[PDB]
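So you know, we letter chains A, B, ... as the sequences are listed, proteins then strands, and number each from 1.
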Amino acid sequence: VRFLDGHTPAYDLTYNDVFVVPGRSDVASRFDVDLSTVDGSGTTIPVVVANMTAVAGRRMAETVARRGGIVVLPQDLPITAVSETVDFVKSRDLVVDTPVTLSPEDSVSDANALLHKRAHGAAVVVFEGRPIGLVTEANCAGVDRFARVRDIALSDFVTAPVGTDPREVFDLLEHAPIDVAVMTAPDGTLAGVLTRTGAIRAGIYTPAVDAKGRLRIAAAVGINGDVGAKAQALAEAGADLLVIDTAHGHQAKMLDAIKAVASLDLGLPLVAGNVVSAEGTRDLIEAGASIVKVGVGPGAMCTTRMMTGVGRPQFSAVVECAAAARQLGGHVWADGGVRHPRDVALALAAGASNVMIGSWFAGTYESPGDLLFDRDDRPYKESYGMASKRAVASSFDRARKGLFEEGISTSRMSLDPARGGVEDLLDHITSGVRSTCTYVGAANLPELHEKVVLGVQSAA
Amino acid sequence: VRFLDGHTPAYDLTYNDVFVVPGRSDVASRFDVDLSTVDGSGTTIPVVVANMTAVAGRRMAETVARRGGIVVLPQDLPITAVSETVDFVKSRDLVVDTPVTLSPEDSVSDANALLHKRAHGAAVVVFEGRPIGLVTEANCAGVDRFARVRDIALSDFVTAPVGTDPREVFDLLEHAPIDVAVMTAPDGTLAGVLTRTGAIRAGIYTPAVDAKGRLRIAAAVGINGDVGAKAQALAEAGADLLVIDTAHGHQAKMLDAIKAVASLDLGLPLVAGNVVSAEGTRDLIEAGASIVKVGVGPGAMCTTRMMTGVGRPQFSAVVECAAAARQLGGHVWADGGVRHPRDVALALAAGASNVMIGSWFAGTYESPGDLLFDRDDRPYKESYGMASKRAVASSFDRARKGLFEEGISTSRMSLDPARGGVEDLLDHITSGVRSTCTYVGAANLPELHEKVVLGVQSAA
Amino acid sequence: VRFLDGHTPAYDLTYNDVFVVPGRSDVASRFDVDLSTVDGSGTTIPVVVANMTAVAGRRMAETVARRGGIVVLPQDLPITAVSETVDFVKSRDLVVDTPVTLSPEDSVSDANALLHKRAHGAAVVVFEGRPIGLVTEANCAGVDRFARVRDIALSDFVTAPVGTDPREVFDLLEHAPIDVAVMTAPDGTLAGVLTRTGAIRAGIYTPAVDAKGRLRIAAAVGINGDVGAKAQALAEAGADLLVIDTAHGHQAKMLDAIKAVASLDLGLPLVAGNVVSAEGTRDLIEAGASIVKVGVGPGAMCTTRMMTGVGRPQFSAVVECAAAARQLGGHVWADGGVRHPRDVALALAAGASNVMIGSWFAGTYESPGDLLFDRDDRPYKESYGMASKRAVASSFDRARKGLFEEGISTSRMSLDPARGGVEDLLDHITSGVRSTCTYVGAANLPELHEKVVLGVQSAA
Ligand SMILES: Nc1nc2c(ncn2[C@@H]2O[C@H](COP(=O)(O)OP(=O)(O)OP(=O)(O)O)[C@@H](O)[C@H]2O)c(=O)[nH]1
Ligand SMILES: Nc1nc2c(ncn2[C@@H]2O[C@H](COP(=O)(O)OP(=O)(O)OP(=O)(O)O)[C@@H](O)[C@H]2O)c(=O)[nH]1
Ligand SMILES: Nc1nc2c(ncn2[C@@H]2O[C@H](COP(=O)(O)OP(=O)(O)OP(=O)(O)O)[C@@H](O)[C@H]2O)c(=O)[nH]1
Ligand SMILES: Nc1nc2c(ncn2[C@@H]2O[C@H](COP(=O)(O)O)[C@@H](O)[C@H]2O)c(=O)[nH]1
Ligand SMILES: Nc1nc2c(ncn2[C@@H]2O[C@H](COP(=O)(O)O)[C@@H](O)[C@H]2O)c(=O)[nH]1
Ligand SMILES: Nc1nc2c(ncn2[C@@H]2O[C@H](COP(=O)(O)O)[C@@H](O)[C@H]2O)c(=O)[nH]1
């Protein structure tokens, strides 16, 4: 990283303390920029969903991986649920999305609530796997909450076979009353849906796929118990990437957990964290980790900082850790504190290969949380931390632990009433990162870190 | 009716204008009073549910008929929907109630909403018709809205075979955690539900049953179209009582209807309304009606009175109509304006054999309307009038009719958060009427009308 | 007028003190009722617009006359301004209504404000008298306030020649985007406008026409100055009915004003008022008046009552004055206090031939006042009394009279956000009056006066 002359502050820098200075650019348009990562994760956009049960859901894993990101499944998830989630994601179409299915015998109450689990705005009514109707929120307004789906469902809708050019599907939905195209298999069964916005994103985002052309998905594991046995079970379940996650990564028990998983030679990239120092980055890479996750108490007013005073401003943490990992041929993930697309752009300019986002994506339709409304009828969803699931471990001991255990904090994540889907946030994030590369003059992410000139600003 | 000396006002009297003067009494308790009625309806309490779609529902018809009342199904209801309702009510137990049934695959969302369809406070989980668990609102609090009923269900409950002593099923629920007892058939199937309070009301209220021991139920017909074919079809569905209902009963089109239905000879009591005059009362009785329903614009600031000025104070209307109907051997029903149990007591003291209650029963769990909550989270249900379904009967023709047609007014009926069931209102209404007979000195309703001394009061 | 037995109160009755008892009826529908008046006014509905400058406007005169009513122009209006208003009403189509006309050069500011002067919801754009497009509220939303009409006008609209069957115009507007049909003259010029709902009122209301088939219109005149030449000028200006109006009609100066106008032999019905006594009714008709207008401080808390104590309840005043005028071969007008259709029915049942309504019609689009909005953005228009223009009359003398002069009170009249038109109030009033005739059993207004049976009620 190269700073303006004189910008050598006597303190570490957060995402608010820095700014990017424009440089001479030949990149004309934002779509000429290549946002694909080079850390072996397979993501075509530098966005990784955090391994938190409030964010890393099954619907999130399919939706983010189709647009180029990847979702790390939260640790301590039962291996049976992991296999069912991987099998679902690995069986999704790379263009056609999974709609919400309804039976004619379902209630209008359930039909209205299930609609908000996807950003499509319409649910497909099915009978023996074949579409027979559509249900929108306008069809449920003012109707008996225990009327059947057959009482409000639209009988006519746009159908198209799977494999049709999204360009043609985009024109089919031009004058359709419902902006949903029900994609069918040759035998007439339901294969999914595709909207006008969904057809545009197919031509902008490249899905993150494995060697077999299936959507990518990652899984996390704690350093408690048999790390090698849990890691091998996640690899055989179909995981494309493994995250060895703990609160304090610069720990002896973490170094042993990396050497245990790395010695098994599972043929998968190993992410380990978290640390915020150059020494902790090299010790994790030499232990057998390919990627180092950076982020320990990034907020000066958050739980970790207010309880222990331990932490480090994230931008200065990524700068030091990415430079240390570059000398060993490793990579760095910027984890924590991402609130706006400039946080993603500044993390990449600091030297990170990917950006891990958690609580921000909780306020979306695709997050595993239930959609809630406040007194002002504003849509929101709750986000919460993993707490003990990232820390190291008689009935006397059970409450001896809870006496000092970290409390689970809960926050309200408001949804945008016009763009409540996670793909809308992906549009917002990638739009800013692409413009940053244009301001710097970079055609790809490696050039962004190469050609960027940073500066420090005061509180004003 | 006997009034105090000098109480000859130059105006008609509402329920607010009059009071009952206590007399010498030997009736000890309320239970000595016989609230049975003598109008041929078979009601052991003088409570009739009005023929309004906002109140006269299926769950309403079953609940109050067990406690001695009768529900008049709203007119113009399709004969198939009637047939499904009568065959339902006629097939219920005279003590054991119908619970809220849940499948193990139902969602918590539907389970939480289905609970308020009854006053039991708990739902029965069934598999192949056998009770296997219970679901209360405490079991759904804080649970995922789309979790399964298998994830929350209490596996243990109180079991008693159908036909068990209503006093005994009380004893088992003494220290039970949930105040519900699931009754089972001899082969183990779900027979129904009985709570503690349901055991007392089984020993206080006598079920209103026909010759076959099945719960009573009535139906309404409109004077439009062919009344003969409609009224004959309602009794073929299993109706025990028919009412020829219209806004202005003292008209020629009305008189011709009863003379048509009375000549059909179905052997069922015919009720007709409305009139608020002795002339209109006698003309309806001689037309073939056994009971006359009284009530034309009882409120001084309601739709009929403020649009047309036509109406009459309900108390003075029932007094005149009851005296004229008794001379011809007919009886009188007091319809509309009932808000407190003293309105029922004063209508009986005026000479009516039954009291038709409507919007007051809309704010109950058993009403067909959905349970709604305002901004203060207080339960309420909306009531609305029949409008054109009580008046005399091509988009151009539909526009001429709707231009002058009566608007469908809607009002908010709040539920008691502690006593939200319709049986609680039955306990509230009957307790005051029984206490009214004790003050007068009557052992039954025919004695109440003959022994009561009335008086007039001012606004203070 | 017949009252119930015993209903002989020791006080006079307002519209709130009385109610109508329904009797035997053979009138099936409301449409079988003939609302025609028999006082020689020519109105097919018993609705007369008061002679107040806040309601008796040009647009009100045309809109009410087409639906069967008549509008009395306020006194002291310049005779030149009267002739231009009378000629406008006399030159109007008896079915097709006058829309809002816009020049292509008009601003969006003026077009947006001119839309609310009629109840059509759209304005016609004309060039040299021929319609070319429509302007609605949605056309002006979010548009530059000083753009031209040529920037927002919808070029296509529904066209039908003048004289077309109104039911076909109703059918053509079935699925039209704007509920507006532009009627064209043979040469293509703008003949006027006709809406859907307006096509139905053409087949329900009969226009009040004069001997030449033109819309009727009345005018008022004070008793100050030359009552003869003013009444002679108003008659020669085209007035179909004259009103000699004053605050206290039972005075000598009023009788001399009737004798002066009667000696002219203008051949027009003469209305005189106001009085509330039979003696005042006898003296007015014997002076030469054909109709007596009754109303002196009808409200117990209005300006006249609280300042002077002079007044009389309107119902008892109309009953006494109608019976007195009936024996002299005249009729009576109920003036003041009209707030609901109940007041119109009770006034007619009392014996009145027409009901005069004032401040109620001020809260309409057709009233001459400007449409205003309060802090809640709710539509309203202000009403005010004639004050000095209804009483008996240097700058020092002007202030000597102003020291005791009646102040001009101002009240807020709210528009119905869904029924801001005066025709909607006419639909609301006539719907209730027609229902009153069905309850009583009358086929027209003369039968209503005899067949009605009144009763007295208390405050409850
Ligand atoms: N009928 C119907 N039920 C659905 C649908 N999607 C989810 N559900 C039900 O909702 C519950 C779980 O919903 P999801 O949250 O989408 O499922 P999940 O596997 O937990 O996935 P994530 O929360 O995204 O990790 C289960 O009871 C499902 O049966 C749908 O499209 N139709
Ligand atoms: N699973 C389940 N569904 C129910 C239960 N009770 C009612 N429903 C369903 O809820 C819907 C409407 O119920 P109700 O409104 O009580 O039925 P209804 O026949 O209209 O009866 P009323 O409204 O009381 O006249 C129907 O689809 C019923 O099948 C129950 O206990 N369990
Ligand atoms: N361009 C245009 N101007 C209009 C239109 N209607 C009214 N105006 C103008 O606005 C003025 C006031 O309108 P009105 O209040 O309806 O006219 P009025 O003759 O006072 O009639 P009333 O208020 O009904 O007694 C008129 O003198 C015209 O200058 C219209 O349709 N188009
Ligand atoms: N202190 C703390 N950090 C957490 C907890 N759960 C997750 N985290 C960290 O915070 C990150 C998410 O930060 P966010 O993107 O929501 O600002 C996670 O990726 C993880 O590194 C928790 O319970 N406590
Ligand atoms: N005017 C009028 N009366 C109605 C309407 N619907 C029902 N009613 C009458 O009002 C009664 C119910 O009165 P409540 O018990 O709600 O005071 C009904 O039994 C019926 O006689 C309606 O739309 N308009
Ligand atoms: N006291 C009083 N009466 C008025 C005034 N202006 C009009 N009136 C009377 O009130 C009538 C209108 O009554 P409204 O229909 O508004 O209830 C008029 O027809 C007229 O008789 C005024 O300034 N003062």
Side-chain angles (χ1 to χ4, degrees), chain B residues 8-18 223-224 247-255 274-277 279-280 283 296-297 299-301 303-313 315-317 320 391-397 399-407 456-459, chain C residues 3-4 6-11 15-31 166-167 170-171 174 196-197 199-201 203-204 339-346 349 427-441 452-460:
Chain B
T8 61
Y11 52 87
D12 276 3
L13 310 165
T14 66
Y15 291 141
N16 291 314
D17 290 317
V18 285
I223 54 97
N224 298 323
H248 184 198
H250 199 17
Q251 58 184 329
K253 276 184 170 297
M254 239 285 291
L255 289 174
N274 292 48
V275 293
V276 291
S277 62
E279 177 198 81
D283 295 4
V296 175
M301 298 168 301
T303 287
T304 295
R305 189 74 73 89
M306 300 313 301
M307 282 282 261
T308 77
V310 183
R312 189 175 188 178
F315 185 85
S316 296
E320 172 175 328
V392 159
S394 180
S395 297
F396 181 86
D397 295 356
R400 267 178 97 261
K401 210 169 190 175
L403 182 85
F404 283 172
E405 208 70 16
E406 175 186 3
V456 184
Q457 59 181 354
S458 64
Chain C
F3 276 94
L4 292 177
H7 293 199
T8 58
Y11 50 83
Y15 291 139
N16 298 321
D17 291 316
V18 299
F19 59 88
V20 172
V21 185
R24 53 182 309 191
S25 178
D26 65 331
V27 175
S29 175
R30 294 185 292 265
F31 300 142
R167 191 186 181 277
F170 173 83
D171 302 326
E174 172 66 47
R196 263 171 78 86
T197 300
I200 292 105
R201 293 162 176 165
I204 296 183
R339 304 293 169 263
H340 301 90
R342 175 202 63 176
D343 304 330
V344 181
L346 290 174
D427 296 340
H428 192 241
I429 292 167
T430 56
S431 177
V433 178
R434 288 180 180 276
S435 302
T436 312
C437 301
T438 52
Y439 277 107
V440 173
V452 67
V453 176
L454 280 305
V456 183
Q457 60 181 0
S458 65

Between C/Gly6, C/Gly23, C/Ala459, C/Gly203, the one whose heavy-atom pairs under 4.5 Å with chain B are most numerous:
C/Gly23

Part of C/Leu4 within contact of chain B (heavy atom distance under 4.5 Å)
side chain

Chain C contact via B/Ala393 - which portion, at a heavy-atom distance below 4.5 Å
neither

Give, as side chain, backbone, both or neither, the part of B/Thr304 having an atom under 4.5 angstrom from any heavy atom of chain C.
side chain

What part of C/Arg434 gets within 4.5 angstrom of chain B, counting heavy atoms only: side chain, backbone, both, or neither?
side chain

Mind ranking C/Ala28, C/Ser29, C/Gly441 by heavy-atom pairs under 4.5 Å with chain B and telling me who comes out on top?
C/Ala28

With a 4.5 Å limit on heavy-atom distance, are the side chains of B/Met307 and C/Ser435 in contact?
no

Testing the basics here: between C/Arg167 and B/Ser394, what is the closest heavy-atom pair and its distance to 0.1 Å?
NH2-OG, 3.3 Å

Is B/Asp12 in contact with chain C via its backbone, its side chain, both, or neither, using a 4.5 Å heavy-atom distance?
both

If you look at every heavy atom in B/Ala10 and C/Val456, which pair is closest and at what distance?
O-CB, 3.6 Å

Keeping the roles fixed (side chain from C/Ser431, backbone from B/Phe404), state whether a donor-acceptor pair exists under 3.5 Å.
yes

Part of B/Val310 within contact of chain C (heavy atom distance under 4.5 Å)
both

Flag side-chain contact, heavy atom, 4.5 Å: C/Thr197 against B/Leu403:
yes

Atom group of C/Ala349 that falls short of 4.5 Å from chain B, counting heavy atoms:
neither

So which part of C/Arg30 gets closer than 4.5 Å to some heavy atom of chain B, the side chain, the backbone, both or neither?
side chain

Search all heavy atoms of B/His248 against all heavy atoms of C/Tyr439 and return the closest pair with its distance.
CE1-O, 3.1 Å

Could you check which of C/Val21, C/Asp26, C/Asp17, C/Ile204 has the highest count of heavy-atom pairs closer than 4.5 Å to chain B?
C/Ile204

